[PDB]
Amino acid sequence: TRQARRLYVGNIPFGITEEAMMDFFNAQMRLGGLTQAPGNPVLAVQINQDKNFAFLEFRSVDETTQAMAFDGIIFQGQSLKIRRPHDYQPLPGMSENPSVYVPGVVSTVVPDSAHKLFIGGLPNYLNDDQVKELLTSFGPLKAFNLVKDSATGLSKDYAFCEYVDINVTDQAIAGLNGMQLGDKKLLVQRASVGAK
RNA sequence: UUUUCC
């Protein structure tokens, strides 16, 4: 069951320790009401600092599945990218999708879709949390990801998002498209317009 | 200025 008891966590804060990450996830699991017993659901964390990802190992298949609901949670300003291991395949009797919804957690999986938005020209000093806040001002988000350099972790100055209410899409465009900030000017438009 | 092991 081990492949079904581990998760990839990407975009982790620079310099974070394995025990700091374990404490964070154990606390979040209990605060969200996802822990299915006394004691810690997360048994171990293994971090690769050079490449900036971690793998979490859980005591339970079901608690592993519930933890998928934390995808996008902000940790020291960064959107944690929670994913299955690539060699995971659902088991018999187990369900692969989370039973729960953690309030305020915004998924990082933003599928191409009608009202998926592109936001370009962002100031380079804004982190995942601040950019998400910029967009949440117009309405609650269904999904969001700020694109970062895979080696340095620095922002690439563009993001994608999807609002819960499809009608907020045009309000966010009207509020943000063409806004000038120094050298740069925001481009905010449905991502299909400028995609390849 | 179209999301990264054992």
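Heavy-atom basis, side chains included; hydrogens, waters and symmetry copies ignored. Chain identifiers are assigned alphabetically (A, B, ...) following the order of the sequence lines, protein sequences preceding nucleic acid strands; residue numbering begins at 1 within each chain.
Once the 5.5 Å centre distance and the 30° plane angle are applied, the aromatic ring of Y158(A) is found not to be stacked with the base of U1(B).
Of the residues in residues 134-150 of chain A, those lying under 4.0 Å from RNA chain B by heavy-atom distance are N145(A), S150(A). For the contact set between residues 187-196 of chain A and RNA chain B, defined by any heavy atom under 4.0 Å, the members are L187(A), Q189(A), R190(A), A191(A), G194(A), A195(A), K196(A).
The 5' end of RNA chain B is approached more closely, in terms of each residue's nearest nucleotide, by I119(A) than by the other of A151(A) and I119(A).
Closest to the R83(A) side chain, of the nucleotides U2(B), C5(B), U3(B), is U3(B). The nucleotide whose nearest atom lies closest to any side-chain atom of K51(A) is, among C5(B), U1(B), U4(B), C5(B). Across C5(B), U2(B), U1(B), the shortest atom-to-atom separation from the side chain of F53(A) is found for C5(B). Set against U3(B), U1(B), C6(B), the side chain of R6(A) has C6(B) as its closest nucleotide.
The separation between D71(A) atom CG and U4(B) atom P is 11 Å, rounded to whole Å. When rounded to the nearest whole Å, the span between CG of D50(A) and P of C5(B) equals 14 Å. Between the P atom of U1(B) and the NZ atom of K184(A) lies a distance of 6 Å, rounded to the nearest Å. Computed from coordinates, the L117(A) CG to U1(B) P distance equals 19 Å when rounded to whole Å. Between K156(A) atom NZ and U4(B) atom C1' the separation is 13 Å, expressed in whole Å. We find that CG of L154(A) is positioned 17 Å from P of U4(B), with the value rounded to whole Å. Taking atom CG of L43(A) as the reference point, atom P of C5(B) lies 21 Å away to the nearest angstrom. Put simply, CZ on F55(A) is 7 Å from P on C5(B), counting in whole angstrom units.
Clustering of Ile, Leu, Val, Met, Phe, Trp and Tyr by side-chain heavy atoms under 4.5 Å joins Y8(A) with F53(A), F55(A).
Only one option out of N127(A), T108(A), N145(A), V105(A) pairs with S79(A) in a side-chain contact (heavy atoms from CB on, under 4.5 Å); it is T108(A).
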Please set out all donor-acceptor pairs under 3.5 angstrom arising from side-chain atoms of residues 16-27 of chain A, sequence neighbours excluded.
{"unit_1": "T17(A)", "atom_1": "OG1", "unit_2": "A20(A)", "atom_2": "N", "d": "2.9"}
{"unit_1": "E18(A)", "atom_1": "OE2", "unit_2": "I47(A)", "atom_2": "N", "d": "3.0"}
{"unit_1": "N26(A)", "atom_1": "OD1", "unit_2": "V42(A)", "atom_2": "N", "d": "2.8"}
{"unit_1": "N26(A)", "atom_1": "ND2", "unit_2": "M22(A)", "atom_2": "O", "d": "3.2"}
{"unit_1": "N26(A)", "atom_1": "ND2", "unit_2": "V42(A)", "atom_2": "O", "d": "3.3"}

Less than 3.5 Å apart, which donor and acceptor atoms pair up between the side chains of residues 33-41 of chain A and the rest of the protein, not counting sequence neighbours?
{"unit_1": "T35(A)", "atom_1": "OG1", "unit_2": "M29(A)", "atom_2": "O", "d": "3.3"}
{"unit_1": "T35(A)", "atom_1": "OG1", "unit_2": "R30(A)", "atom_2": "N", "d": "3.3"}

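We find the OH-NZ distance between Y163(A) and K142(A) to be 13.5 Å, quoted to the nearest 0.5 Å. Atom CD of residue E63(A) and atom CG of residue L43(A) lie 9.0 Å apart, to the nearest 0.5 angstrom.
Checked by atom type and distance alone, the side chain of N52(A) never pairs as donor or acceptor with a backbone atom of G10(A) at under 3.5 Å.
Taking each heavy atom of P98(A) and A69(A) in turn, the nearest pair found is CG-N, 3.8 Å.
Partners of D50(A) under the side chain to side chain donor-acceptor pair (under 3.5 Å) rule, at least two apart in sequence or in another chain, do not exist in this structure.
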